[PDB]
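I have placed the structure first, in the form of structure tokens, so that the comments after it can refer back to it.
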Amino acid sequence: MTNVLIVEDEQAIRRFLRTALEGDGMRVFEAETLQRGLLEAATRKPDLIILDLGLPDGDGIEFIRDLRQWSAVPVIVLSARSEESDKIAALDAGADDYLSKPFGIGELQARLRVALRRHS
Amino acid sequence: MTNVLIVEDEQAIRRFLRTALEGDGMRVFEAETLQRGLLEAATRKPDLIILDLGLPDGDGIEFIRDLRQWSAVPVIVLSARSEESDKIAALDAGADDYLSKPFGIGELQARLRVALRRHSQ
Ligand code: BEF
Ligand code: BEF
Ligand SMILES: [Mg+2]
Ligand SMILES: [Mg+2]
């Protein structure tokens, strides 16, 4: 199946994304820390990762920088941080796309499709 | 020879981009109509296109639908149409990214970089 990993500390976000994604026909995995995010990324072979930056054990930008040393999987940042400067940093570190919260599930899922067509 | 095509009808935006994109050492080519745009895409062989949507000779979403039949060049739309369905439409048409005006140039440049790195692969 099309595998998606969500790295987000807040269940309400993770339930909401899963539902929408499982509704669109994707298998979904989860992680609620940065550290557990990296392990799941290396074990579940996700085709796409949705990343949150405000995580309790570190900033997700360190996740993107770790990840990109060993993986080229698409990464969409979904975060409360809305500064232009936050977006620039995360894209340059290696994220592929960035949506601030609050967001529209519709826009997400479409950007999800963009990221899944180009790399695969 | 990293080549950007800007297809945008208001001049001020076009030279705002050129000032920005020429500053990182790229080559920039302008088009003010959808027709002269589609054309430049097929001809100048650019590495990316920044695509306006509100054009005099038709809708940018048709620029994409058409393009995707003969080019795979990354497309980033830059348009004032700030609507969710507008974004979904353009993306589903084969746009790679979408930034609404008004916009920060820094973020447009970082998103341009994503499209270069992902398509050189
Ligand atoms: F905590 Be995440 F960056 F919204
Ligand atoms: F005219 Be563009 F869509 F801003
Ligand atoms: Mg968080
Ligand atoms: Mg216009």
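Labels used: A, B, ... for chains in the order of the structure tokens, numbers from 1 for residues in each chain, and numbers from 1 for ligands as shown.
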
Note to self: Using only C-alpha atoms and a distance of at most 9 Å, pull out the residues of chain B that contact chain A, as a list in words.
What the structure shows: residues 84, 85, 87, 88, 89, 91, 92, 94, 95, 96, 97, 104, 106, 107, 108, 109, 110, 111, 113, 114, 115, 118 and 119 of chain B

Store the residues picked out above, limited to N, CA, C and O atoms, as a PDB file, in the first residue's frame.
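Listing of selection39.pdb after writing:
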```pdb
ATOM      1  N   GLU B  84      -8.976  27.778  -1.479  1.00  0.00           N
ATOM      2  CA  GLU B  84      -8.634  26.354  -1.375  1.00  0.00           C
ATOM      3  C   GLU B  84      -8.886  25.545  -2.668  1.00  0.00           C
ATOM      4  O   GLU B  84      -7.993  24.856  -3.172  1.00  0.00           O
ATOM      5  N   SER B  85     -10.089  25.644  -3.219  1.00  0.00           N
ATOM      6  CA  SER B  85     -10.431  24.931  -4.448  1.00  0.00           C
ATOM      7  C   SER B  85      -9.554  25.371  -5.619  1.00  0.00           C
ATOM      8  O   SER B  85      -9.297  24.596  -6.550  1.00  0.00           O
ATOM      9  N   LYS B  87      -6.461  26.220  -5.330  1.00  0.00           N
ATOM     10  CA  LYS B  87      -5.173  25.600  -5.128  1.00  0.00           C
ATOM     11  C   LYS B  87      -5.246  24.138  -5.560  1.00  0.00           C
ATOM     12  O   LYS B  87      -4.349  23.639  -6.266  1.00  0.00           O
ATOM     13  N   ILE B  88      -6.312  23.464  -5.128  1.00  0.00           N
ATOM     14  CA  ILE B  88      -6.549  22.051  -5.442  1.00  0.00           C
ATOM     15  C   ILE B  88      -6.643  21.859  -6.950  1.00  0.00           C
ATOM     16  O   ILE B  88      -6.056  20.934  -7.529  1.00  0.00           O
ATOM     17  N   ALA B  89      -7.347  22.768  -7.602  1.00  0.00           N
ATOM     18  CA  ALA B  89      -7.476  22.663  -9.047  1.00  0.00           C
ATOM     19  C   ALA B  89      -6.116  22.695  -9.705  1.00  0.00           C
ATOM     20  O   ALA B  89      -5.789  21.789 -10.448  1.00  0.00           O
ATOM     21  N   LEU B  91      -3.109  22.342  -8.599  1.00  0.00           N
ATOM     22  CA  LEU B  91      -2.178  21.294  -8.220  1.00  0.00           C
ATOM     23  C   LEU B  91      -2.511  20.006  -8.953  1.00  0.00           C
ATOM     24  O   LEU B  91      -1.659  19.401  -9.613  1.00  0.00           O
ATOM     25  N   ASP B  92      -3.774  19.608  -8.836  1.00  0.00           N
ATOM     26  CA  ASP B  92      -4.316  18.463  -9.566  1.00  0.00           C
ATOM     27  C   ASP B  92      -4.098  18.575 -11.065  1.00  0.00           C
ATOM     28  O   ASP B  92      -4.010  17.575 -11.751  1.00  0.00           O
ATOM     29  N   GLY B  94      -1.334  19.604 -12.316  1.00  0.00           N
ATOM     30  CA  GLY B  94       0.053  19.218 -12.524  1.00  0.00           C
ATOM     31  C   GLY B  94       1.047  20.274 -12.110  1.00  0.00           C
ATOM     32  O   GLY B  94       2.239  20.165 -12.419  1.00  0.00           O
ATOM     33  N   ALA B  95       0.549  21.302 -11.420  1.00  0.00           N
ATOM     34  CA  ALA B  95       1.406  22.280 -10.774  1.00  0.00           C
ATOM     35  C   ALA B  95       2.184  21.534  -9.710  1.00  0.00           C
ATOM     36  O   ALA B  95       1.679  20.584  -9.111  1.00  0.00           O
ATOM     37  N   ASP B  96       3.408  21.956  -9.455  1.00  0.00           N
ATOM     38  CA  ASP B  96       4.174  21.336  -8.379  1.00  0.00           C
ATOM     39  C   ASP B  96       3.967  22.056  -7.053  1.00  0.00           C
ATOM     40  O   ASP B  96       4.041  21.453  -5.992  1.00  0.00           O
ATOM     41  N   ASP B  97       3.708  23.357  -7.112  1.00  0.00           N
ATOM     42  CA  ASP B  97       3.533  24.124  -5.882  1.00  0.00           C
ATOM     43  C   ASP B  97       2.631  25.339  -6.197  1.00  0.00           C
ATOM     44  O   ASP B  97       2.300  25.621  -7.384  1.00  0.00           O
ATOM     45  N   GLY B 104       5.984  36.418   0.270  1.00  0.00           N
ATOM     46  CA  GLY B 104       7.364  36.769   0.515  1.00  0.00           C
ATOM     47  C   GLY B 104       8.293  36.197  -0.543  1.00  0.00           C
ATOM     48  O   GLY B 104       8.212  35.034  -0.888  1.00  0.00           O
ATOM     49  N   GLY B 106      11.487  35.526  -0.269  1.00  0.00           N
ATOM     50  CA  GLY B 106      12.331  34.532   0.379  1.00  0.00           C
ATOM     51  C   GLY B 106      11.708  33.137   0.329  1.00  0.00           C
ATOM     52  O   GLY B 106      12.382  32.114   0.119  1.00  0.00           O
ATOM     53  N   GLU B 107      10.398  33.102   0.504  1.00  0.00           N
ATOM     54  CA  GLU B 107       9.708  31.820   0.532  1.00  0.00           C
ATOM     55  C   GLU B 107       9.512  31.375  -0.899  1.00  0.00           C
ATOM     56  O   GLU B 107       9.610  30.217  -1.206  1.00  0.00           O
ATOM     57  N   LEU B 108       9.264  32.294  -1.804  1.00  0.00           N
ATOM     58  CA  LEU B 108       9.216  31.845  -3.186  1.00  0.00           C
ATOM     59  C   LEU B 108      10.589  31.254  -3.600  1.00  0.00           C
ATOM     60  O   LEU B 108      10.669  30.200  -4.223  1.00  0.00           O
ATOM     61  N   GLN B 109      11.669  31.916  -3.225  1.00  0.00           N
ATOM     62  CA  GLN B 109      12.982  31.410  -3.605  1.00  0.00           C
ATOM     63  C   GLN B 109      13.247  30.010  -2.978  1.00  0.00           C
ATOM     64  O   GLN B 109      13.807  29.131  -3.655  1.00  0.00           O
ATOM     65  N   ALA B 110      12.807  29.777  -1.735  1.00  0.00           N
ATOM     66  CA  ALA B 110      13.107  28.477  -1.062  1.00  0.00           C
ATOM     67  C   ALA B 110      12.324  27.379  -1.752  1.00  0.00           C
ATOM     68  O   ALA B 110      12.839  26.308  -1.961  1.00  0.00           O
ATOM     69  N   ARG B 111      11.089  27.671  -2.138  1.00  0.00           N
ATOM     70  CA  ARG B 111      10.248  26.744  -2.913  1.00  0.00           C
ATOM     71  C   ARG B 111      10.731  26.500  -4.343  1.00  0.00           C
ATOM     72  O   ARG B 111      10.542  25.428  -4.924  1.00  0.00           O
ATOM     73  N   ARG B 113      13.874  26.450  -4.975  1.00  0.00           N
ATOM     74  CA  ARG B 113      14.958  25.504  -4.723  1.00  0.00           C
ATOM     75  C   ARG B 113      14.506  24.059  -4.572  1.00  0.00           C
ATOM     76  O   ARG B 113      15.160  23.132  -5.076  1.00  0.00           O
ATOM     77  N   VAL B 114      13.376  23.850  -3.871  1.00  0.00           N
ATOM     78  CA  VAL B 114      12.818  22.497  -3.764  1.00  0.00           C
ATOM     79  C   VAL B 114      12.563  21.935  -5.178  1.00  0.00           C
ATOM     80  O   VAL B 114      12.879  20.761  -5.483  1.00  0.00           O
ATOM     81  N   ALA B 115      11.979  22.747  -6.039  1.00  0.00           N
ATOM     82  CA  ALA B 115      11.608  22.219  -7.342  1.00  0.00           C
ATOM     83  C   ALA B 115      12.868  21.929  -8.154  1.00  0.00           C
ATOM     84  O   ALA B 115      12.895  20.961  -8.937  1.00  0.00           O
ATOM     85  N   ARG B 118      14.434  18.548  -6.739  1.00  0.00           N
ATOM     86  CA  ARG B 118      13.613  17.355  -6.942  1.00  0.00           C
ATOM     87  C   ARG B 118      13.524  16.940  -8.409  1.00  0.00           C
ATOM     88  O   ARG B 118      13.317  15.772  -8.694  1.00  0.00           O
ATOM     89  N   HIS B 119      13.675  17.888  -9.328  1.00  0.00           N
ATOM     90  CA  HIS B 119      13.684  17.590 -10.768  1.00  0.00           C
ATOM     91  C   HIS B 119      15.014  17.360 -11.464  1.00  0.00           C
ATOM     92  O   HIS B 119      15.033  17.011 -12.653  1.00  0.00           O
TER      93      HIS B 119
END
```

Margin query: List the spatial neighbours of range 49-64 of chain B as a ChimeraX atom specification - criterion: any atom at most 7 Å away, only C-alpha atoms, same-chain residues fewer than 4 positions off excluded.
Written below: /B:4-9,33-34,38,68,74-79,90,93-95

Write a file of the just-selected residues containing C-alpha atoms, as a JSON list (two decimals), in the first residue's frame.
```
[["chain", "number", "residue", "atom", "x", "y", "z"],
["B", 4, "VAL", "CA", 13.33, 30.49, -15.09],
["B", 5, "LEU", "CA", 10.24, 31.33, -17.10],
["B", 6, "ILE", "CA", 7.88, 33.85, -15.56],
["B", 7, "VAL", "CA", 4.48, 34.02, -17.21],
["B", 8, "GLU", "CA", 2.79, 36.96, -15.55],
["B", 9, "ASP", "CA", 0.81, 39.87, -17.00],
["B", 33, "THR", "CA", 0.27, 35.99, -22.18],
["B", 34, "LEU", "CA", -0.75, 32.36, -21.73],
["B", 38, "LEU", "CA", 2.95, 27.75, -23.36],
["B", 68, "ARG", "CA", 1.60, 18.29, -18.67],
["B", 74, "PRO", "CA", 8.29, 21.94, -12.36],
["B", 75, "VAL", "CA", 5.55, 24.52, -12.24],
["B", 76, "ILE", "CA", 5.00, 26.91, -9.37],
["B", 77, "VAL", "CA", 1.91, 28.98, -9.57],
["B", 78, "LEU", "CA", 2.02, 32.50, -8.22],
["B", 79, "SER", "CA", -1.50, 33.94, -8.24],
["B", 90, "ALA", "CA", -4.06, 24.00, -10.09],
["B", 93, "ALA", "CA", -3.69, 19.96, -13.00],
["B", 94, "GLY", "CA", 0.05, 19.22, -12.52],
["B", 95, "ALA", "CA", 1.41, 22.28, -10.77]]
```

With 7 Å as the cut-off and only C-alpha atoms and all ligand atoms counted, what is the closest atom pair between each nearby residue of chain A and ligand 1? Distances in Å to one decimal, ordered by chain and number, as JSON lines.
```
{"residue": "A:52", "atom": "CA", "partner": "ligand 1", "partner_atom_place_in_ligand_line": "2 (Be)", "distance": 4.4}
{"residue": "A:53", "atom": "CA", "partner": "ligand 1", "partner_atom_place_in_ligand_line": "3 (F)", "distance": 3.6}
{"residue": "A:54", "atom": "CA", "partner": "ligand 1", "partner_atom_place_in_ligand_line": "1 (F)", "distance": 3.1}
{"residue": "A:55", "atom": "CA", "partner": "ligand 1", "partner_atom_place_in_ligand_line": "1 (F)", "distance": 5.8}
{"residue": "A:78", "atom": "CA", "partner": "ligand 1", "partner_atom_place_in_ligand_line": "4 (F)", "distance": 6.5}
{"residue": "A:79", "atom": "CA", "partner": "ligand 1", "partner_atom_place_in_ligand_line": "4 (F)", "distance": 3.5}
{"residue": "A:80", "atom": "CA", "partner": "ligand 1", "partner_atom_place_in_ligand_line": "4 (F)", "distance": 3.7}
{"residue": "A:81", "atom": "CA", "partner": "ligand 1", "partner_atom_place_in_ligand_line": "3 (F)", "distance": 5.7}
{"residue": "A:101", "atom": "CA", "partner": "ligand 1", "partner_atom_place_in_ligand_line": "4 (F)", "distance": 6.7}
```

Checklist line | Spatial neighbours of residue 71 in chain A, 10 Å, only C-alpha atoms, chain gap at least 6 places, as a PyMOL selection string | finding: chain A and resi 41-42+45+64

Create the file for the chosen residues now, containing N, CA, C and O atoms and written as a short mmCIF file (atom, residue, chain, number, x, y, z; two decimals), in the first residue's frame.
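That gives us out.cif:
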```cif
data_model
loop_
_atom_site.label_atom_id
_atom_site.label_comp_id
_atom_site.auth_asym_id
_atom_site.auth_seq_id
_atom_site.Cartn_x
_atom_site.Cartn_y
_atom_site.Cartn_z
N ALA A 41 10.34 6.07 10.70
CA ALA A 41 10.70 6.35 9.31
C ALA A 41 11.65 5.28 8.76
O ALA A 41 11.52 4.86 7.63
N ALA A 42 12.60 4.84 9.57
CA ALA A 42 13.54 3.81 9.09
C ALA A 42 12.95 2.36 9.05
O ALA A 42 13.46 1.49 8.31
N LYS A 45 9.29 2.12 6.08
CA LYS A 45 9.48 2.55 4.69
C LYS A 45 8.33 3.41 4.16
O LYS A 45 7.70 3.05 3.16
N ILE A 64 14.34 16.66 9.93
CA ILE A 64 14.56 16.74 8.47
C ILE A 64 16.05 16.58 8.20
O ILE A 64 16.41 15.80 7.36
#
```

Next item on the list: Please extract the residues at most 12 Å from ligand 3, counting only C-alpha atoms and all ligand atoms, and provide them as a ChimeraX atom specification, using the chain letters and residue numbers of this document.
Entry: /A:6-14,31-34,50-60,77-81,100-101

Those same residues, written as a CSV table (one decimal), in the first residue's frame with C-alpha atoms?
```csv
chain,number,residue,atom,x,y,z
A,6,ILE,CA,2.7,11.2,10.6
A,7,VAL,CA,5.1,12.7,13.2
A,8,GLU,CA,2.9,14.9,15.5
A,9,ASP,CA,2.6,15.1,19.2
A,10,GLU,CA,-1.1,15.9,19.4
A,11,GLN,CA,-3.6,13.1,19.0
A,12,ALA,CA,-6.4,15.3,17.8
A,13,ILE,CA,-4.3,16.2,14.8
A,14,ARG,CA,-3.1,12.6,14.2
A,31,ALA,CA,4.7,8.8,16.0
A,32,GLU,CA,4.4,11.4,18.6
A,33,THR,CA,8.1,12.2,19.2
A,34,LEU,CA,11.0,13.2,17.1
A,50,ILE,CA,4.0,14.6,7.4
A,51,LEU,CA,6.0,16.5,9.8
A,52,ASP,CA,5.2,18.7,12.7
A,53,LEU,CA,7.9,20.9,14.1
A,54,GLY,CA,6.9,21.7,17.7
A,55,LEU,CA,7.9,18.2,19.2
A,56,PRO,CA,8.7,17.6,22.9
A,57,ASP,CA,12.1,16.1,22.4
A,58,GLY,CA,13.4,18.5,19.7
A,59,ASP,CA,12.5,20.8,16.7
A,60,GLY,CA,11.4,18.9,13.7
A,77,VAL,CA,5.8,20.0,7.2
A,78,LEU,CA,2.5,20.7,8.9
A,79,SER,CA,3.1,23.2,11.7
A,80,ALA,CA,1.8,26.0,14.0
A,81,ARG,CA,4.9,28.0,13.1
A,100,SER,CA,0.8,26.2,8.6
A,101,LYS,CA,-2.0,25.3,10.9
```

Item checked: Coordinates-based distance that separates CA of residue 72 in chain B from CA of residue 17 in chain B (Å, one decimal) -> 22.3 Å

Margin query: Considering only helix (DSSP H, G or I) as DSSP defines it on the backbone, what residues of chain B qualify? List them as a ChimeraX atom specification.
Written below: /B:11-22,35-43,60-67,84-92,105-120

Check: For residue 67 in chain A, which residue among A:82, A:47, A:25, A:39 is the nearest when counting only C-alpha atoms?
Finding: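 For residue 67 in chain A, the nearest of the given residues is A:39.
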
Check: Can you tell me how far CA of residue 37 in chain A sits from CA of residue 121 in chain B, in Å to one decimal?
Finding: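 Separation of CA of residue 37 in chain A and CA of residue 121 in chain B: 25.6 Å.
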
Note to self: Neighbouring residues of residue 11 in chain B were defined as those with any atom within 10 Å, considering only C-alpha atoms; residues of the same chain fewer than 5 positions away were excluded. Please report them as a list in words.
What the structure shows: residues 16, 17, 30, 31 and 32 of chain B

With C-alpha atoms retained, write the just-selected residues as a PDB file, in the first residue's frame.
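Once written, part_24.pdb looks like this:
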```pdb
ATOM      1  CA  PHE B  16      10.323  42.122  -8.920  1.00  0.00           C
ATOM      2  CA  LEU B  17      11.053  38.438  -9.717  1.00  0.00           C
ATOM      3  CA  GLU B  30       9.330  36.841 -19.351  1.00  0.00           C
ATOM      4  CA  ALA B  31       5.945  36.103 -21.001  1.00  0.00           C
ATOM      5  CA  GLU B  32       2.836  38.268 -20.531  1.00  0.00           C
TER       6      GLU B  32
END
```

Next item on the list: Compare B:105, B:27, B:100, B:112 by their minimum atom-to-atom distance to ligand 4, counting only C-alpha atoms and all ligand atoms, and give me the closest one.
Entry: B:100

Check: Could you work out how far CA of residue 101 in chain B lies from CA of residue 117 in chain B, giving the answer in Å with one decimal?
Finding: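 Interatomic distance, CA of residue 117 in chain B to CA of residue 101 in chain B: 24.0 Å.
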
Next item on the list: For residue 2 in chain A, please output as a ChimeraX atom specification all residues within 9 Å (counting only C-alpha atoms; exclusion window: fewer than 6 positions along the same chain).
Entry: /A:25-28,46-48,116

Kindly save the residues from that selection, with N, CA, C and O atoms included, as a PDB file, in the first residue's frame.
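Contents of result29.pdb, as written:
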```pdb
ATOM      1  N   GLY A  25      -7.461   5.913   1.034  1.00  0.00           N
ATOM      2  CA  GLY A  25      -6.932   4.617   0.632  1.00  0.00           C
ATOM      3  C   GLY A  25      -5.470   4.352   0.924  1.00  0.00           C
ATOM      4  O   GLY A  25      -4.829   3.561   0.232  1.00  0.00           O
ATOM      5  N   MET A  26      -4.947   5.017   1.955  1.00  0.00           N
ATOM      6  CA  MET A  26      -3.552   4.909   2.324  1.00  0.00           C
ATOM      7  C   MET A  26      -3.475   4.246   3.677  1.00  0.00           C
ATOM      8  O   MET A  26      -4.389   4.377   4.502  1.00  0.00           O
ATOM      9  N   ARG A  27      -2.402   3.490   3.862  1.00  0.00           N
ATOM     10  CA  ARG A  27      -2.039   2.868   5.121  1.00  0.00           C
ATOM     11  C   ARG A  27      -1.318   3.962   5.914  1.00  0.00           C
ATOM     12  O   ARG A  27      -0.570   4.740   5.321  1.00  0.00           O
ATOM     13  N   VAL A  28      -1.510   4.047   7.227  1.00  0.00           N
ATOM     14  CA  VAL A  28      -1.039   5.216   7.957  1.00  0.00           C
ATOM     15  C   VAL A  28      -0.272   4.749   9.164  1.00  0.00           C
ATOM     16  O   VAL A  28      -0.701   3.788   9.790  1.00  0.00           O
ATOM     17  N   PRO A  46       8.015   4.542   4.822  1.00  0.00           N
ATOM     18  CA  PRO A  46       6.959   5.430   4.318  1.00  0.00           C
ATOM     19  C   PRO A  46       7.288   6.009   2.952  1.00  0.00           C
ATOM     20  O   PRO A  46       8.483   6.157   2.628  1.00  0.00           O
ATOM     21  N   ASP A  47       6.246   6.295   2.171  1.00  0.00           N
ATOM     22  CA  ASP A  47       6.344   6.911   0.846  1.00  0.00           C
ATOM     23  C   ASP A  47       6.247   8.429   0.965  1.00  0.00           C
ATOM     24  O   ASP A  47       6.476   9.160  -0.005  1.00  0.00           O
ATOM     25  N   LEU A  48       5.875   8.881   2.149  1.00  0.00           N
ATOM     26  CA  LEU A  48       5.647  10.291   2.455  1.00  0.00           C
ATOM     27  C   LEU A  48       5.613  10.419   3.944  1.00  0.00           C
ATOM     28  O   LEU A  48       5.139   9.504   4.627  1.00  0.00           O
ATOM     29  N   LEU A 116       3.560  12.587  -4.065  1.00  0.00           N
ATOM     30  CA  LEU A 116       3.519  11.136  -4.295  1.00  0.00           C
ATOM     31  C   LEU A 116       3.560  10.778  -5.765  1.00  0.00           C
ATOM     32  O   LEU A 116       3.681   9.609  -6.135  1.00  0.00           O
TER      33      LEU A 116
END
```

Check: Which one of B:35, B:81, B:116, B:102 sits closest to ligand 2 if you count only C-alpha atoms and all ligand atoms?
Finding: B:81
